[PDB]
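Undergrad: As input, take coords_27.txt (compact mmCIF, C-alpha atoms):
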# COMPACT_ATOMS: atom_id res chain seq x y z
CA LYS A 219 93.12 74.48 14.98
CA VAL A 220 91.71 73.46 18.37
CA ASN A 221 91.48 69.70 18.92
CA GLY A 222 92.57 69.67 15.29
CA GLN A 223 89.39 71.61 14.61
CA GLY A 224 88.99 75.02 13.01
CA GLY A 225 85.20 74.92 13.22
CA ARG A 226 83.27 75.71 16.40
CA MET A 227 79.95 74.89 17.98
CA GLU A 228 77.93 77.51 19.82
CA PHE A 229 75.45 75.97 22.24
CA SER A 230 72.46 77.65 23.83
CA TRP A 231 69.91 76.46 26.38
CA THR A 232 66.46 77.32 27.68
CA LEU A 233 63.91 76.30 30.31
CA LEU A 234 60.78 74.92 28.61
CA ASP A 235 57.73 75.50 30.80
CA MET A 236 55.24 72.74 31.60
CA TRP A 237 52.67 72.38 28.81
CA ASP A 238 54.65 74.70 26.50
CA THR A 239 56.10 73.77 23.09
CA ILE A 240 59.59 74.04 21.55
CA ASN A 241 60.14 74.50 17.79
CA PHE A 242 63.32 73.96 15.77
CA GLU A 243 63.61 74.42 12.06
CA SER A 244 66.88 74.87 10.18
CA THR A 245 68.42 74.68 6.69
CA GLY A 246 71.78 73.65 8.18
CA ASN A 247 74.44 73.90 10.90
CA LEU A 248 71.93 72.70 13.49
CA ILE A 249 73.12 70.54 16.36
CA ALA A 250 69.91 69.06 17.75
CA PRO A 251 68.96 67.76 21.21
CA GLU A 252 67.94 64.10 21.19
CA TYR A 253 67.07 64.73 24.82
CA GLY A 254 65.92 67.19 27.44
CA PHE A 255 66.23 67.23 31.19
CA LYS A 256 63.07 67.23 33.25
CA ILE A 257 63.58 68.67 36.71
CA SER A 258 62.65 65.97 39.23
CA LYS A 259 63.72 67.17 42.68
CA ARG A 260 64.18 70.86 43.67
CA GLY A 261 65.97 72.34 46.68
CA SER A 262 68.73 74.31 48.36
CA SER A 263 71.90 72.78 46.98
CA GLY A 264 75.05 73.97 45.24
CA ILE A 265 78.08 73.28 43.09
CA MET A 266 81.23 72.70 45.14
CA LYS A 267 84.64 73.25 43.57
CA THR A 268 87.08 70.68 44.93
CA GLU A 269 89.89 68.39 43.83
CA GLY A 270 88.73 65.86 46.43
CA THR A 271 86.84 62.55 46.21
CA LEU A 272 83.73 60.92 47.74
CA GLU A 273 84.31 58.75 50.83
CA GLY B 1 91.10 93.96 89.39
CA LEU B 2 88.73 96.84 88.57
CA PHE B 3 86.88 96.58 91.89
CA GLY B 4 90.14 95.70 93.64
CA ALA B 5 89.02 92.46 95.27
CA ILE B 6 91.00 89.99 93.11
CA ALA B 7 94.75 90.45 93.02
CA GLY B 8 93.71 93.25 95.37
CA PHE B 9 93.60 92.42 99.09
CA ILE B 10 92.21 88.88 98.67
CA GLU B 11 95.51 88.28 96.83
CA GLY B 12 94.61 84.76 95.69
CA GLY B 13 91.89 82.15 95.84
CA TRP B 14 91.04 78.90 97.54
CA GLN B 15 91.45 75.56 95.77
CA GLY B 16 89.59 74.26 98.83
CA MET B 17 86.20 75.52 97.73
CA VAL B 18 84.56 73.41 95.00
CA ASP B 19 81.08 74.37 96.24
CA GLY B 20 80.84 77.32 93.86
CA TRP B 21 82.66 80.44 92.71
CA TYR B 22 83.13 82.51 95.90
CA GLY B 23 82.46 82.18 99.61
CA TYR B 24 84.05 81.81 103.05
CA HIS B 25 85.89 79.68 105.55
CA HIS B 26 86.09 80.43 109.26
CA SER B 27 87.97 79.59 112.39
CA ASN B 28 85.63 78.58 115.17
CA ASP B 29 87.07 76.71 118.11
CA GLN B 30 83.82 74.90 117.47
CA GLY B 31 85.00 74.07 113.94
CA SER B 32 86.54 75.39 110.70
CA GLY B 33 85.98 74.85 106.94
CA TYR B 34 85.16 76.07 103.40
CA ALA B 35 81.52 76.86 102.57
CA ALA B 36 80.61 79.00 99.49
CA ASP B 37 77.72 81.49 99.02
CA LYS B 38 74.51 80.09 97.48
CA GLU B 39 72.81 83.32 96.39
CA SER B 40 75.76 85.27 94.96
CA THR B 41 77.24 82.30 93.08
CA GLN B 42 73.76 81.43 91.78
CA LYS B 43 73.23 84.99 90.56
CA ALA B 44 76.61 85.23 88.83
CA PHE B 45 76.16 81.83 87.17
CA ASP B 46 72.74 82.88 85.82
CA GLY B 47 74.09 86.22 84.56
CA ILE B 48 77.00 84.51 82.77
CA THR B 49 74.84 81.86 81.08
CA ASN B 50 72.64 84.77 79.97
CA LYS B 51 75.75 86.47 78.53
CA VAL B 52 76.93 83.45 76.50
CA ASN B 53 73.40 82.60 75.28
CA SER B 54 73.10 86.31 74.48
CA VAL B 55 76.27 86.37 72.33
CA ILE B 56 76.14 82.99 70.56
CA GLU B 57 72.52 83.79 69.64
CA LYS B 58 73.31 87.36 68.59
CA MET B 59 74.72 85.62 65.57
CA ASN B 60 71.91 83.28 64.59
CA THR B 61 71.24 85.26 61.53
CA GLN B 62 74.59 86.31 60.12
CA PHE B 63 76.16 86.49 56.70
CA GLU B 64 76.69 83.24 54.78
CA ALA B 65 78.36 83.25 51.34
CA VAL B 66 77.63 80.58 48.72
CA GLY B 67 79.24 80.16 45.30
CA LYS B 68 79.40 81.93 41.97
CA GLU B 69 81.08 81.80 38.60
CA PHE B 70 81.58 84.54 36.03
CA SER B 71 82.81 84.74 32.46
CA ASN B 72 86.03 86.56 31.57
CA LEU B 73 83.92 89.43 30.25
CA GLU B 74 82.24 89.49 33.66
CA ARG B 75 85.47 90.49 35.45
CA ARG B 76 84.05 93.66 37.08
CA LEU B 77 80.98 91.78 38.37
CA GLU B 78 83.26 89.05 39.72
CA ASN B 79 85.49 91.58 41.52
CA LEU B 80 82.39 93.20 42.97
CA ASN B 81 81.05 89.88 44.23
CA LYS B 82 84.45 89.15 45.77
CA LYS B 83 84.81 92.57 47.40
CA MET B 84 81.31 92.24 48.87
CA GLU B 85 81.55 88.72 50.30
CA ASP B 86 85.07 89.41 51.60
CA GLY B 87 83.83 92.71 53.00
CA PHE B 88 81.09 91.00 54.99
CA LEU B 89 83.36 88.22 56.27
CA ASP B 90 85.69 90.95 57.51
CA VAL B 91 82.75 92.74 59.14
CA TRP B 92 81.33 89.73 61.00
CA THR B 93 84.82 88.58 61.98
CA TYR B 94 85.50 91.98 63.53
CA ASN B 95 82.08 92.00 65.23
CA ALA B 96 82.77 88.57 66.72
CA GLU B 97 86.37 89.02 67.93
CA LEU B 98 85.47 92.42 69.40
CA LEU B 99 82.29 91.29 71.16
CA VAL B 100 84.24 88.40 72.68
CA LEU B 101 86.99 90.73 73.94
CA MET B 102 84.56 93.17 75.53
CA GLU B 103 82.29 90.55 77.10
CA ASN B 104 85.42 88.87 78.46
CA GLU B 105 86.82 91.95 80.19
CA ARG B 106 83.34 92.91 81.38
CA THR B 107 82.92 89.35 82.71
CA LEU B 108 86.14 89.43 84.77
CA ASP B 109 85.46 92.86 86.26
CA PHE B 110 81.93 91.53 86.81
CA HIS B 111 83.31 88.76 89.04
CA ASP B 112 85.38 91.41 90.84
CA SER B 113 82.28 93.49 91.58
CA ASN B 114 80.54 90.35 92.83
CA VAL B 115 83.37 89.63 95.30
CA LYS B 116 83.99 93.17 96.59
CA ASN B 117 80.21 93.62 96.92
CA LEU B 118 79.79 90.39 98.92
CA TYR B 119 82.59 91.59 101.20
CA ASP B 120 81.12 95.07 101.74
CA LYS B 121 77.79 93.32 102.37
CA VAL B 122 79.37 91.35 105.23
CA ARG B 123 81.23 94.38 106.61
CA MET B 124 78.18 96.67 106.68
CA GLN B 125 76.56 93.88 108.72
CA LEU B 126 79.14 92.88 111.36
CA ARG B 127 81.01 96.15 111.24
CA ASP B 128 81.82 97.44 114.76
CA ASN B 129 81.70 93.99 116.41
CA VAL B 130 84.84 93.03 114.49
CA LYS B 131 88.22 94.19 113.18
CA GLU B 132 88.79 94.19 109.41
CA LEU B 133 92.25 92.69 108.96
CA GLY B 134 92.63 94.36 105.56
CA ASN B 135 93.45 90.97 104.05
CA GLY B 136 89.78 90.26 103.38
CA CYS B 137 89.12 88.55 106.72
CA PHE B 138 87.12 89.56 109.82
CA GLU B 139 88.63 89.08 113.31
CA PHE B 140 86.06 88.80 116.15
CA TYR B 141 85.43 91.10 119.15
CA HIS B 142 83.27 88.28 120.51
CA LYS B 143 82.49 84.64 119.74
CA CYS B 144 80.06 83.97 116.95
CA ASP B 145 79.67 80.22 117.20
CA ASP B 146 78.32 78.22 114.45
CA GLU B 147 74.78 78.56 114.35
CA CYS B 148 75.32 82.31 114.17
CA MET B 149 78.16 82.02 111.64
CA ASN B 150 75.48 80.61 109.36
CA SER B 151 73.38 83.57 110.51
CA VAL B 152 76.12 85.77 109.06
CA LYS B 153 75.75 83.73 105.87
CA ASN B 154 71.94 83.90 105.79
CA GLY B 155 72.26 87.69 106.17
CA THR B 156 70.99 88.38 109.69
CA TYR B 157 73.65 87.93 112.35
CA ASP B 158 71.54 89.83 114.89
CA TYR B 159 73.83 92.79 115.65
CA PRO B 160 72.49 94.31 118.88
CA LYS B 161 72.32 90.88 120.53
CA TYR B 162 76.08 90.48 120.20
CA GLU B 163 76.73 94.23 120.48
CA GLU B 164 77.62 94.54 124.19
CA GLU B 165 80.00 91.61 124.70
CA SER B 166 82.16 93.15 121.94
CA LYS B 167 81.44 96.75 123.02
CA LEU B 168 83.24 96.12 126.33
CA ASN B 169 85.34 93.28 124.87
CA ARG B 170 86.91 95.72 122.41
CA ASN B 171 89.21 98.59 123.30
CA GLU B 172 92.20 97.30 125.31
Is it possible to give me this structure as structure tokens?
TA:
Amino acid sequence: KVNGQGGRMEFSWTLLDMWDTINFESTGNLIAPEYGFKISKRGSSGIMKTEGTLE
Amino acid sequence: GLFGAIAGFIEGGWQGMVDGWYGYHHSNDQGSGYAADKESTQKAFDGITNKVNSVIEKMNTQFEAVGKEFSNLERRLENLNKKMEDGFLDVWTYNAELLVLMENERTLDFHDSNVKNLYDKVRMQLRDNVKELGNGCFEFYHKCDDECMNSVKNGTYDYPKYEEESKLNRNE
């Protein structure tokens, strides 16, 4: 039991190109996206690991 | 020093010259005071600025390490990433500390050379019309007043003109 849960959920992701098409079909055990994230702004950036807060 | 001028005979330096790095002061019955060399000081200053702009800009490009995350089945890849980034930090750190040390030492001895050279430049000019005191000062076998002191400074003190007065004036 993990979080009182013996089951698990395996998630996967992909980048869907502009003008391309994504297809799901399943007979079960499907966790579906209600959403997708369009990339708006692009640029040198990063993920900073810190315990600190924004001033 | 390496050229023996500083903590060599000159033995110390003059808080009384703010005019530049090195230079002279004289005793003329006419007058006395600190005046420092235009050309030498200028040269040294230029060379130094060139040295610092040469170093600080010799790392313009230089290694910069940003981020990464690995799974627990990626452990080798992680260790490799770590060893590499660490490795480069070590490398550039060494390069920097070392370059600083060298350029420092070379800078100080550089100043030495400047001084000793200025001195020898004066000596080879005035030579037999004066006694070298060995302390880094020139005692006169005649009077050079001040215009001609400044002629010593400008580089032509007109040797043969003052030759004779000292030629007989010396000995004794």
Undergrad: For chain A versus chain B, which residues have an atom no more than 12 Å away, and what is each residue's nearest atom pair and distance in Å rounded to one decimal, using only C-alpha atoms, chain-then-number order, as a Markdown table?
TA:
| residue | atom | partner | partner_atom | distance |
| --- | --- | --- | --- | --- |
| A:262 | CA | B:66 | CA | 10.9 |
| A:263 | CA | B:66 | CA | 9.8 |
| A:264 | CA | B:67 | CA | 7.5 |
| A:265 | CA | B:67 | CA | 7.3 |
| A:266 | CA | B:67 | CA | 7.7 |
| A:267 | CA | B:67 | CA | 8.9 |
Undergrad: Which value, in Å to one decimal, gives the distance between CA of residue 229 (chain A) and CA of residue 250 (chain A)?
TA: 9.9 Å
Undergrad: Could you check which of A:220, A:233, A:227, A:240 is closest to residue 256 (chain A), using only C-alpha atoms?
TA: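 Smallest separation from residue 256 (chain A) among the options: A:233.
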Undergrad: When you count all atoms listed in the file, which of these residues is closest to residue 251 (chain A): A:230, A:237, A:219, A:270?
TA: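 Smallest separation from residue 251 (chain A) among the options: A:230.
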Undergrad: Tell me, in Å to one decimal, how far CA of residue 83 (chain B) is from CA of residue 65 (chain B).
TA: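 These two atoms are separated by 12.0 Å.
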Undergrad: Just how far from CA of residue 172 (chain B) is CA of residue 25 (chain B), in Å to one decimal?
TA: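 Distance reported for this atom pair: 27.2 Å.
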Undergrad: Could you give me, as a count of residues only, the residues within 8 Å of region 121-131 of chain B, counting all atoms listed in the file and dropping anything in the same chain fewer than 3 positions from it?
TA: 16
Undergrad: List every protein, DNA or RNA residue with an atom no more than 6 Å from (83.0, 95.6, 88.6) in the file's coordinates, counting all atoms listed in the file, and format the result as a PyMOL selection string.
TA: chain B and resi 2-3+109-110+112-113
Undergrad: Pick from A:272, A:228, A:221, A:234: nearest to residue 248 (chain A), with only C-alpha atoms counted?
TA: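 Ranking A:272, A:228, A:221, A:234 by distance to residue 248 (chain A), first place goes to A:228.
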